[PDB]
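Novice: Provided below: protein.txt, containing compact mmCIF, C-alpha atoms and all ligand atoms.
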```txt
# COMPACT_ATOMS: atom_id res chain seq x y z
CA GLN H 8 0.00 0.00 0.00
CA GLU H 9 2.26 2.80 1.33
CA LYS H 10 3.34 3.13 5.00
CA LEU H 11 1.34 0.72 7.00
CA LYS H 12 4.73 0.63 8.65
CA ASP H 13 4.41 3.44 11.17
CA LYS H 14 1.33 1.34 12.13
CA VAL H 15 3.58 -1.72 12.47
CA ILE H 16 6.35 0.23 14.29
CA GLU H 17 3.78 1.74 16.68
CA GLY H 18 2.16 -1.66 17.09
CA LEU H 19 5.49 -3.23 18.07
CA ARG H 20 6.45 -0.26 20.28
CA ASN H 21 3.14 -0.82 22.18
CA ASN H 22 3.91 -4.56 22.62
CA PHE H 23 1.17 -5.64 20.23
CA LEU H 24 1.75 -8.88 18.36
CA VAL H 25 1.31 -7.79 14.71
CA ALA H 26 -0.73 -10.13 12.49
CA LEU H 27 -0.37 -9.06 8.86
CA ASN H 28 -2.70 -10.58 6.22
CA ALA H 29 -0.65 -9.80 3.10
CA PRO H 30 -1.00 -10.67 -0.60
CA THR H 31 1.85 -13.15 -1.21
CA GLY H 32 5.13 -12.72 -3.14
CA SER H 33 5.63 -8.97 -2.71
CA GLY H 34 9.09 -7.92 -1.40
CA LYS H 35 8.30 -8.97 2.17
CA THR H 36 11.94 -9.41 3.28
CA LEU H 37 12.73 -5.72 2.44
CA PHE H 38 9.65 -4.54 4.37
CA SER H 39 10.52 -6.52 7.52
CA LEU H 40 14.18 -5.35 7.49
CA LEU H 41 13.16 -1.69 7.11
CA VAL H 42 10.63 -1.83 10.02
CA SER H 43 13.28 -3.57 12.20
CA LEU H 44 15.61 -0.52 12.11
CA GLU H 45 13.04 1.40 14.13
CA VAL H 46 12.46 -1.48 16.64
CA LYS H 47 15.29 -4.04 17.07
CA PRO H 48 19.00 -4.27 16.10
CA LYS H 49 18.55 -7.79 14.65
CA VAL H 50 15.93 -9.75 12.72
CA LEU H 51 15.04 -13.42 13.04
CA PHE H 52 12.96 -15.22 10.39
CA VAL H 53 11.26 -18.33 11.67
CA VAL H 54 10.54 -20.69 8.76
CA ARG H 55 9.08 -24.16 8.26
CA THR H 56 12.23 -25.93 6.95
CA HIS H 57 15.79 -25.34 5.78
CA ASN H 58 14.32 -25.14 2.24
CA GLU H 59 12.96 -21.69 3.16
CA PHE H 60 16.53 -20.37 3.70
CA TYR H 61 17.17 -20.01 -0.05
CA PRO H 62 14.44 -17.47 -0.92
CA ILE H 63 15.59 -15.34 2.02
CA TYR H 64 19.17 -15.50 0.83
CA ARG H 65 18.04 -14.48 -2.71
CA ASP H 66 16.00 -11.50 -1.42
CA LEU H 67 18.66 -9.97 0.85
CA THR H 68 21.55 -10.24 -1.70
CA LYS H 69 19.57 -7.57 -3.58
CA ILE H 70 19.36 -5.55 -0.34
CA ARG H 71 23.13 -6.03 0.36
CA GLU H 72 24.08 -3.75 -2.59
CA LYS H 73 22.18 -0.80 -1.02
CA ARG H 74 22.96 -1.62 2.66
CA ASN H 75 25.67 -3.60 4.49
CA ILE H 76 23.96 -6.52 6.31
CA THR H 77 25.09 -10.00 7.37
CA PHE H 78 22.82 -13.07 6.95
CA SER H 79 23.23 -16.41 8.71
CA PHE H 80 21.12 -19.52 9.28
CA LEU H 81 21.34 -22.65 11.38
CA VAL H 82 21.20 -26.18 10.10
CA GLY H 83 21.30 -29.08 12.52
CA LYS H 84 24.36 -31.15 13.35
CA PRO H 85 23.07 -34.06 11.16
CA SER H 86 23.21 -31.78 8.08
CA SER H 87 26.56 -30.11 9.02
CA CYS H 88 28.70 -32.68 11.00
CA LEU H 89 31.62 -34.12 8.99
CA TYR H 90 30.76 -37.74 9.95
CA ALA H 91 26.93 -37.80 9.99
CA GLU H 92 24.90 -40.21 7.83
CA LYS H 93 21.21 -39.96 6.94
CA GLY H 94 19.16 -41.10 9.95
CA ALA H 95 21.57 -39.63 12.54
CA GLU H 96 19.73 -37.69 15.25
CA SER H 97 21.26 -34.53 16.75
CA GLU H 98 22.04 -36.18 20.13
CA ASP H 99 23.78 -39.10 18.36
CA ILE H 100 26.42 -36.68 17.03
CA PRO H 101 29.39 -37.40 19.32
CA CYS H 102 30.83 -33.88 19.78
CA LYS H 103 31.75 -34.69 23.43
CA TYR H 104 34.55 -36.95 22.01
CA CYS H 105 35.50 -35.02 18.83
CA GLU H 106 38.73 -33.03 18.39
CA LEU H 107 36.97 -30.44 16.19
CA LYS H 108 34.38 -29.28 18.81
CA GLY H 109 36.47 -26.19 19.69
CA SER H 110 37.69 -25.57 16.12
CA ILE H 111 35.77 -22.68 14.54
CA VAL H 112 36.45 -20.79 11.29
CA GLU H 113 35.14 -17.39 10.07
CA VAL H 114 32.24 -17.94 7.63
CA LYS H 115 31.66 -15.87 4.46
CA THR H 116 27.93 -15.79 3.53
CA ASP H 117 28.24 -14.54 -0.08
CA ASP H 118 27.36 -18.21 -0.96
CA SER H 119 23.82 -19.65 -1.04
CA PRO H 120 22.85 -21.94 1.88
CA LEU H 121 23.50 -25.35 0.15
CA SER H 122 26.67 -23.98 -1.49
CA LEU H 123 27.95 -22.65 1.87
CA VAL H 124 27.26 -25.89 3.76
CA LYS H 125 28.94 -28.05 1.07
CA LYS H 126 32.02 -25.80 1.03
CA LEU H 127 32.28 -25.87 4.87
CA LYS H 128 32.11 -29.69 4.86
CA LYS H 129 34.82 -30.02 2.18
CA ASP H 130 37.13 -27.41 3.72
CA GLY H 131 36.32 -28.61 7.26
CA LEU H 132 37.67 -32.10 6.55
CA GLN H 133 40.85 -30.80 4.85
CA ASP H 134 41.56 -27.88 7.22
CA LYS H 135 40.20 -29.59 10.38
CA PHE H 136 37.34 -27.37 11.60
CA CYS H 137 33.75 -28.14 12.55
CA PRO H 138 31.09 -26.89 10.09
CA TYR H 139 28.33 -26.88 12.72
CA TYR H 140 30.20 -24.80 15.33
CA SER H 141 31.42 -22.52 12.58
CA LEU H 142 27.74 -21.89 11.52
CA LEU H 143 26.62 -21.59 15.12
CA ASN H 144 29.28 -18.96 15.78
CA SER H 145 28.34 -17.04 12.61
CA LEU H 146 24.66 -17.14 13.72
CA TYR H 147 25.37 -15.33 17.01
CA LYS H 148 27.01 -12.36 15.21
CA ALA H 149 24.70 -11.86 12.17
CA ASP H 150 22.28 -8.93 11.59
CA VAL H 151 19.62 -11.23 10.10
CA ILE H 152 19.19 -14.87 11.04
CA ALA H 153 16.80 -17.65 10.14
CA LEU H 154 15.80 -20.74 12.17
CA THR H 155 13.44 -23.64 11.46
CA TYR H 156 10.24 -24.34 13.46
CA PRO H 157 11.78 -27.12 15.63
CA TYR H 158 14.55 -24.75 16.88
CA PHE H 159 12.07 -22.01 17.77
CA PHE H 160 9.08 -24.05 19.08
CA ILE H 161 10.36 -27.40 20.40
CA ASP H 162 12.32 -27.67 23.63
CA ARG H 163 14.50 -30.59 22.49
CA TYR H 164 15.94 -28.41 19.64
CA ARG H 165 15.66 -25.03 21.46
CA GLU H 166 18.17 -26.25 24.11
CA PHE H 167 20.84 -26.80 21.40
CA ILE H 168 21.20 -22.99 20.79
CA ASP H 169 21.94 -20.13 23.25
CA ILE H 170 20.07 -17.13 21.89
CA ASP H 171 18.32 -14.19 23.64
CA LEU H 172 15.14 -13.79 21.53
CA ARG H 173 14.58 -10.31 23.05
CA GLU H 174 17.30 -8.89 20.76
CA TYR H 175 15.36 -9.86 17.60
CA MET H 176 12.38 -8.63 15.71
CA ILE H 177 10.85 -12.05 15.10
CA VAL H 178 9.13 -12.56 11.72
CA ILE H 179 7.12 -15.68 11.00
CA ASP H 180 6.04 -15.69 7.34
CA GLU H 181 3.62 -18.32 5.92
CA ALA H 182 2.24 -18.22 9.49
CA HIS H 183 -0.78 -20.37 8.62
CA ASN H 184 1.80 -23.18 8.77
CA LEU H 185 1.99 -22.66 12.55
CA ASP H 186 -1.12 -24.86 12.70
CA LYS H 187 1.13 -27.93 12.15
CA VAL H 188 3.72 -27.31 14.92
CA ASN H 189 2.03 -29.94 17.11
CA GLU H 190 2.88 -32.62 14.45
CA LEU H 191 6.71 -32.10 14.64
CA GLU H 192 7.33 -34.55 17.54
CA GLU H 193 6.62 -38.23 17.73
CA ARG H 194 6.81 -39.76 21.20
CA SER H 195 6.50 -43.52 20.64
CA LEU H 196 8.10 -46.91 21.28
CA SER H 197 7.90 -49.85 18.87
CA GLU H 198 8.97 -53.47 18.92
CA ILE H 199 11.33 -52.94 15.98
CA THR H 200 13.17 -50.02 17.61
CA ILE H 201 13.90 -52.15 20.64
CA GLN H 202 15.09 -55.07 18.54
CA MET H 203 17.36 -52.74 16.52
CA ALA H 204 18.74 -51.46 19.81
CA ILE H 205 19.45 -55.06 20.87
CA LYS H 206 21.38 -55.62 17.61
CA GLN H 207 23.37 -52.38 17.96
CA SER H 208 24.16 -52.89 21.67
CA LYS H 209 27.65 -53.39 23.14
CA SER H 210 26.77 -54.89 26.54
CA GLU H 211 25.02 -58.08 27.71
CA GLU H 212 23.28 -56.24 30.58
CA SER H 213 21.87 -53.71 28.11
CA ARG H 214 20.61 -56.59 25.91
CA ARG H 215 18.99 -58.28 28.92
CA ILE H 216 17.19 -55.08 29.95
CA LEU H 217 16.14 -54.27 26.36
CA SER H 218 14.83 -57.84 26.01
CA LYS H 219 12.75 -57.60 29.18
CA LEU H 220 11.39 -54.26 27.92
CA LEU H 221 10.49 -55.89 24.59
CA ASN H 222 8.41 -58.46 26.51
CA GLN H 223 6.80 -55.86 28.79
CA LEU H 224 5.74 -53.87 25.70
CA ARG H 225 4.10 -56.93 24.13
CA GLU H 226 1.74 -57.43 27.10
CA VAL H 227 0.30 -53.87 27.02
CA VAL H 228 0.09 -52.94 23.31
CA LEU H 229 -2.78 -54.06 21.10
CA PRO H 230 -2.78 -54.57 17.32
CA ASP H 231 -5.77 -52.21 16.67
CA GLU H 232 -5.19 -49.22 14.39
CA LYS H 233 -6.90 -47.11 17.07
CA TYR H 234 -5.77 -45.12 20.16
CA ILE H 235 -6.46 -47.19 23.34
CA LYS H 236 -5.46 -46.17 26.91
CA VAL H 237 -2.93 -48.37 28.74
CA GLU H 238 -2.68 -49.12 32.46
CA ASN H 239 0.69 -50.41 33.76
CA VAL H 240 3.18 -49.28 31.12
CA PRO H 241 6.66 -50.85 31.16
CA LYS H 242 9.04 -49.57 33.85
CA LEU H 243 12.81 -49.05 33.99
CA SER H 244 14.49 -48.47 37.37
CA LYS H 245 17.14 -45.78 37.89
CA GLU H 246 19.85 -48.49 37.76
CA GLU H 247 18.48 -50.03 34.53
CA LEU H 248 18.31 -46.55 32.92
CA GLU H 249 21.97 -46.09 33.99
CA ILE H 250 23.00 -49.22 32.03
CA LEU H 251 20.97 -48.20 28.94
CA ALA H 252 22.54 -44.70 29.14
CA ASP H 253 26.19 -45.87 29.21
CA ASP H 254 25.36 -48.15 26.23
CA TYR H 255 24.26 -45.02 24.32
CA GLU H 256 27.61 -43.40 25.20
CA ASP H 257 29.59 -46.49 24.06
CA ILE H 258 27.86 -46.56 20.67
CA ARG H 259 28.51 -42.78 20.34
CA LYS H 260 32.24 -43.28 21.08
CA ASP H 261 32.56 -46.16 18.59
CA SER H 262 30.83 -44.22 15.78
CA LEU H 263 33.32 -41.30 15.98
CA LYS H 264 36.24 -43.77 15.79
CA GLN H 265 34.80 -44.79 12.40
CA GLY H 266 34.10 -42.05 9.85
CA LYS H 267 30.43 -42.63 10.46
CA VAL H 268 27.46 -41.64 12.69
CA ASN H 269 24.20 -43.58 12.21
CA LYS H 270 20.85 -43.58 13.99
CA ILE H 271 21.34 -44.90 17.53
CA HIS H 272 18.12 -46.67 18.41
CA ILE H 273 18.52 -46.67 22.20
CA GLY H 274 18.61 -42.84 22.18
CA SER H 275 15.02 -42.86 20.98
CA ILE H 276 14.01 -45.25 23.79
CA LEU H 277 15.72 -43.24 26.57
CA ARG H 278 14.02 -40.03 25.33
CA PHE H 279 10.66 -41.84 25.42
CA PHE H 280 11.30 -42.70 29.12
CA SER H 281 12.26 -39.06 29.97
CA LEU H 282 8.54 -38.25 29.62
CA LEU H 283 7.61 -40.80 32.35
CA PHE H 288 1.26 -38.12 31.01
CA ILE H 289 -1.36 -40.54 29.59
CA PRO H 290 0.11 -43.32 27.35
CA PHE H 291 -1.78 -45.14 24.55
CA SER H 292 -1.56 -48.15 22.23
CA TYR H 293 -1.71 -47.49 18.49
CA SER H 294 -1.00 -50.28 15.99
CA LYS H 295 1.36 -52.38 18.25
CA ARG H 296 3.29 -49.23 19.28
CA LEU H 297 3.17 -47.39 22.60
CA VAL H 298 2.36 -43.67 22.09
CA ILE H 299 2.14 -40.46 24.13
CA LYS H 300 -0.10 -38.12 22.09
CA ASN H 301 1.31 -34.65 21.47
CA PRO H 302 0.11 -31.56 23.39
CA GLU H 303 -2.39 -29.14 21.91
CA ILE H 304 -1.21 -26.54 19.41
CA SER H 305 -1.59 -23.76 22.01
CA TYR H 306 1.02 -25.43 24.24
CA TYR H 307 3.68 -24.90 21.54
CA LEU H 308 2.56 -21.42 20.54
CA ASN H 309 2.29 -20.08 24.10
CA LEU H 310 5.72 -18.42 23.70
CA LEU H 311 4.09 -15.82 21.37
CA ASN H 312 2.21 -14.41 24.45
CA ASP H 313 5.44 -13.25 26.16
CA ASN H 314 5.37 -9.41 25.87
CA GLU H 315 9.19 -9.46 26.02
CA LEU H 316 9.13 -10.69 22.35
CA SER H 317 8.46 -8.44 19.34
CA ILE H 318 6.60 -10.65 16.88
CA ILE H 319 5.12 -10.21 13.40
CA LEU H 320 3.01 -12.99 11.94
CA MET H 321 2.33 -12.78 8.21
CA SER H 322 0.40 -14.84 5.69
CA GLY H 323 -1.81 -14.61 2.60
CA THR H 324 -4.37 -16.83 4.37
CA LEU H 325 -3.95 -15.92 8.00
CA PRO H 326 -6.53 -17.59 10.33
CA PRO H 327 -9.43 -15.52 11.71
CA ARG H 328 -8.83 -13.61 14.98
CA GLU H 329 -11.24 -15.91 16.85
CA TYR H 330 -9.30 -19.05 15.82
CA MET H 331 -5.94 -17.50 16.83
CA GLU H 332 -7.47 -16.70 20.27
CA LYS H 333 -9.31 -19.98 20.93
CA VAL H 334 -7.25 -22.60 19.11
CA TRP H 335 -3.69 -21.13 19.04
CA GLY H 336 -4.21 -19.58 22.51
CA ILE H 337 -2.92 -16.10 21.64
CA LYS H 338 -4.26 -14.01 24.53
CA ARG H 339 -1.91 -11.03 24.18
CA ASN H 340 -3.10 -7.85 22.45
CA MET H 341 -2.97 -8.29 18.70
CA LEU H 342 -2.88 -5.70 15.94
CA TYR H 343 -4.65 -7.49 13.09
CA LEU H 344 -4.06 -5.72 9.78
CA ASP H 345 -5.95 -6.97 6.71
CA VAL H 346 -4.03 -5.50 3.72
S1 LIG H 401 32.49 -32.69 13.40
FE1 LIG H 401 32.84 -33.25 15.41
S2 LIG H 401 32.43 -31.45 16.44
FE2 LIG H 401 31.52 -31.22 14.52
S3 LIG H 401 29.52 -31.90 14.73
FE3 LIG H 401 30.68 -33.53 14.02
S4 LIG H 401 31.20 -34.48 15.84
FE4 LIG H 401 30.62 -32.57 16.40
```
Could you spell out this file's structure in structure tokens?
Ligand code: SF4
Specialist:
Amino acid sequence: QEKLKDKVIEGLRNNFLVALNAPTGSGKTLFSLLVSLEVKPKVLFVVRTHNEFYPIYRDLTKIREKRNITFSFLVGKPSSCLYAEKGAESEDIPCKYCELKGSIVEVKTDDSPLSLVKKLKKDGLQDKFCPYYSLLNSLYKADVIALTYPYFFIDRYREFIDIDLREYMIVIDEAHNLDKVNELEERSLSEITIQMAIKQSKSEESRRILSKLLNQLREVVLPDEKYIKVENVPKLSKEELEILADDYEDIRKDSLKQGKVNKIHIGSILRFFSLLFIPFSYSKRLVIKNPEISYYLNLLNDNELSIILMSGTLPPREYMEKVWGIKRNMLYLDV
């Protein structure tokens, strides 16, 4: 339009969450960066997946000719570690034992995101530095950053980074996608996972405990493709959990000795038992259903955070209040 912008700046300066219904594909990155100047020193774009880094990179290279700004993004350890294979979870990455953990290089973000990451992996192996910690370090300095939904909304991933969100104007584009944040975790335990953990194991005691757990699971689960409540779920004592936990560490040590980090199945199991809640049977698997969508989005109610939501098909005010649980004052602008 013009300068619905002083509206946005005033909105943010009054601690209103700004919800912007905007016709799509219209220089949105430039708009957000301009309105940040007046509000916050840095900008954070929260995006669905790492595939949304590229369009942001494309848009602000145009901006970089008129204004000097640094862009950085975070990809997980599984996408940046020198030794990671497909299937490797972030906690499986054995940085505790790796010589490169404290080996950082200065990153130059004139490359696109996939180009940058591939270059850091190639150079990292030759010149002995860690791509991940190099990206992480570059992230903490940058004027504009971008993170994926898991790193912003999900505790498991949020604990991997050390970032004060109060320094950022937080922009969540395609914000209708926030509706799916409650589908990003799966908190389940299957027969096959346990058996794969038995195969992968490096101690008899761990195999014995995993085997007893496999049996316990079989008594409670039911074959029905239907959620059914379970009384008396399997139990692991503190001392049994100790033995399963040092088995995890032994597999992590061994993997780093090889060039090669794979999925460690016992990690999944131990994380399932951190949550114990009402547990269910679904299709021979034990499941803890995910929280409601408002549990994940509750963070948006903290008045300490300056937040803009934008979308072409933003949900009605009523739905954002009742279903997403946004109870903080909201400046809803239909452009
Ligand atoms: S290279 Fe080493 S330090 Fe870097 S992520 Fe992989 S394990 Fe960790």
Novice: Go through H:25, H:54, H:70, H:137 one by one, measure the shortest atom-to-atom distance of each to ligand LIG 401 (chain H) using only C-alpha atoms and all ligand atoms, and give the residue with the smallest value.
Specialist: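 Ranked by minimum distance to ligand LIG 401 (chain H), first place goes to H:137.
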Novice: Once you count all atoms listed in the file, which residues end up within 6 Å of ligand LIG 401 (chain H), and could you hand them over as JSON, numbers by chain?
Specialist: {"H": [84, 88, 89, 90, 100, 101, 102, 105, 107, 108, 137, 139]}
Novice: From the list H:9, H:190, H:66, H:98, which residue is nearest residue 301 of chain H when using all atoms listed in the file?
Specialist: H:190
Novice: Place a sphere of radius 12 Å on (9.7, -56.3, 24.7) in the file coordinates and name every protein, DNA or RNA residue with an atom inside or on its surface, counting all atoms listed in the file; give the answer as an mmCIF file with C-alpha atoms, in the frame of the given file.
Specialist:
```cif
data_model
loop_
_atom_site.group_PDB
_atom_site.id
_atom_site.type_symbol
_atom_site.label_atom_id
_atom_site.label_comp_id
_atom_site.auth_asym_id
_atom_site.auth_seq_id
_atom_site.Cartn_x
_atom_site.Cartn_y
_atom_site.Cartn_z
ATOM 1 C CA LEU H 196 8.100 -46.910 21.280
ATOM 2 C CA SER H 197 7.900 -49.850 18.870
ATOM 3 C CA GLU H 198 8.970 -53.470 18.920
ATOM 4 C CA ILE H 199 11.330 -52.940 15.980
ATOM 5 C CA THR H 200 13.170 -50.020 17.610
ATOM 6 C CA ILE H 201 13.900 -52.150 20.640
ATOM 7 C CA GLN H 202 15.090 -55.070 18.540
ATOM 8 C CA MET H 203 17.360 -52.740 16.520
ATOM 9 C CA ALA H 204 18.740 -51.460 19.810
ATOM 10 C CA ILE H 205 19.450 -55.060 20.870
ATOM 11 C CA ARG H 214 20.610 -56.590 25.910
ATOM 12 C CA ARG H 215 18.990 -58.280 28.920
ATOM 13 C CA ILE H 216 17.190 -55.080 29.950
ATOM 14 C CA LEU H 217 16.140 -54.270 26.360
ATOM 15 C CA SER H 218 14.830 -57.840 26.010
ATOM 16 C CA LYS H 219 12.750 -57.600 29.180
ATOM 17 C CA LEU H 220 11.390 -54.260 27.920
ATOM 18 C CA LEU H 221 10.490 -55.890 24.590
ATOM 19 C CA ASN H 222 8.410 -58.460 26.510
ATOM 20 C CA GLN H 223 6.800 -55.860 28.790
ATOM 21 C CA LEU H 224 5.740 -53.870 25.700
ATOM 22 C CA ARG H 225 4.100 -56.930 24.130
ATOM 23 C CA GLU H 226 1.740 -57.430 27.100
ATOM 24 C CA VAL H 227 0.300 -53.870 27.020
ATOM 25 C CA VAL H 228 0.090 -52.940 23.310
ATOM 26 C CA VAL H 240 3.180 -49.280 31.120
ATOM 27 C CA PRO H 241 6.660 -50.850 31.160
ATOM 28 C CA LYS H 242 9.040 -49.570 33.850
ATOM 29 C CA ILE H 276 14.010 -45.250 23.790
ATOM 30 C CA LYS H 295 1.360 -52.380 18.250
ATOM 31 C CA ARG H 296 3.290 -49.230 19.280
ATOM 32 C CA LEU H 297 3.170 -47.390 22.600
#
```
Novice: Would you please work out which residue, of H:189, H:121, H:46, H:312, is nearest to residue 340 of chain H when using all atoms listed in the file?
Specialist: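 The shortest atom-to-atom distance to residue 340 of chain H comes from H:312.
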Novice: Name the residues in contact with residue 188 of chain H at a cut-off of 10 Å, using all atoms listed in the file, excluding same-chain residues fewer than 4 positions from it; report them as JSON, numbers by chain.
Specialist: {"H": [55, 156, 157, 160, 161, 184, 192, 303, 304, 305, 306, 307, 308]}
Novice: Which residue out of H:254, H:186, H:15, H:177 has the minimum interatomic distance to residue 336 of chain H when only C-alpha atoms are used?
Specialist: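 Of H:254, H:186, H:15, H:177, the one nearest residue 336 of chain H, counting only C-alpha atoms, is H:186.
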Novice: Which neighbours of residue 300 of chain H fall inside 10 Å, counting only C-alpha atoms, when residues of the same chain fewer than 4 positions from it are skipped, and could you give them as a count of residues only?
Specialist: 11
Novice: Taking only C-alpha atoms into account, name the residue in H:260, H:10, H:57, H:338 that is nearest to residue 314 of chain H.
Specialist: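 Checking each candidate against residue 314 of chain H, we get H:338 as the closest.
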Novice: For a quick check of understanding, using only C-alpha atoms, which of H:176, H:344, H:298, H:168 has the smallest distance to residue 22 of chain H?
Specialist: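 Of all the options, H:176 lies closest to residue 22 of chain H.
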Novice: Atom CA of residue 182 of chain H and atom CA of residue 320 of chain H are how many Å apart?
Specialist: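 Value for the atom CA of residue 182 of chain H-atom CA of residue 320 of chain H distance: 5.8 Å.
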Novice: So the first atom is atom CA of residue 317 of chain H and the second is atom CA of residue 118 of chain H; what is the distance between them in Å, to one decimal place?
Specialist: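 Computed distance, atom CA of residue 317 of chain H to atom CA of residue 118 of chain H, equals 29.4 Å.
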Novice: Contacts of residue 270 of chain H at 7 Å or less, counting all atoms listed in the file, minus same-chain residues fewer than 6 places along, as a PyMOL selection string?
Specialist: chain H and resi 94-96+99
Novice: Got a sec: who's within 7 Å of segment 36-43 of chain H, counting all atoms listed in the file, leaving out chain neighbours fewer than 2 positions off, as a list in words?
Specialist: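 Returned residues: residues 12, 16, 34, 45, 46, 47, 48, 50, 66 and 176 of chain H.
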Novice: What is the atom CA of residue 230 of chain H to atom CA of residue 294 of chain H distance in Å?
Specialist: 4.8 Å
Novice: Can we get segment 238-290 of chain H of that structure written down with C-alpha atoms, as a compact mmCIF listing (two decimals), in the first residue's frame?
Specialist:
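Listing of selection-v3.txt after writing:
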```txt
# COMPACT_ATOMS: atom_id res chain seq x y z
CA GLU H 238 -2.68 -49.12 32.46
CA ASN H 239 0.69 -50.41 33.76
CA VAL H 240 3.18 -49.28 31.12
CA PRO H 241 6.66 -50.85 31.16
CA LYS H 242 9.04 -49.57 33.85
CA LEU H 243 12.81 -49.05 33.99
CA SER H 244 14.49 -48.47 37.37
CA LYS H 245 17.14 -45.78 37.89
CA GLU H 246 19.85 -48.49 37.76
CA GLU H 247 18.48 -50.03 34.53
CA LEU H 248 18.31 -46.55 32.92
CA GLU H 249 21.97 -46.09 33.99
CA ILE H 250 23.00 -49.22 32.03
CA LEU H 251 20.97 -48.20 28.94
CA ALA H 252 22.54 -44.70 29.14
CA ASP H 253 26.19 -45.87 29.21
CA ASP H 254 25.36 -48.15 26.23
CA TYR H 255 24.26 -45.02 24.32
CA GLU H 256 27.61 -43.40 25.20
CA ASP H 257 29.59 -46.49 24.06
CA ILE H 258 27.86 -46.56 20.67
CA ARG H 259 28.51 -42.78 20.34
CA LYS H 260 32.24 -43.28 21.08
CA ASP H 261 32.56 -46.16 18.59
CA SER H 262 30.83 -44.22 15.78
CA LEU H 263 33.32 -41.30 15.98
CA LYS H 264 36.24 -43.77 15.79
CA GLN H 265 34.80 -44.79 12.40
CA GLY H 266 34.10 -42.05 9.85
CA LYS H 267 30.43 -42.63 10.46
CA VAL H 268 27.46 -41.64 12.69
CA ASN H 269 24.20 -43.58 12.21
CA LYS H 270 20.85 -43.58 13.99
CA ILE H 271 21.34 -44.90 17.53
CA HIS H 272 18.12 -46.67 18.41
CA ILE H 273 18.52 -46.67 22.20
CA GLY H 274 18.61 -42.84 22.18
CA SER H 275 15.02 -42.86 20.98
CA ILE H 276 14.01 -45.25 23.79
CA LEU H 277 15.72 -43.24 26.57
CA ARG H 278 14.02 -40.03 25.33
CA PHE H 279 10.66 -41.84 25.42
CA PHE H 280 11.30 -42.70 29.12
CA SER H 281 12.26 -39.06 29.97
CA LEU H 282 8.54 -38.25 29.62
CA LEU H 283 7.61 -40.80 32.35
CA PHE H 288 1.26 -38.12 31.01
CA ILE H 289 -1.36 -40.54 29.59
CA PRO H 290 0.11 -43.32 27.35
```
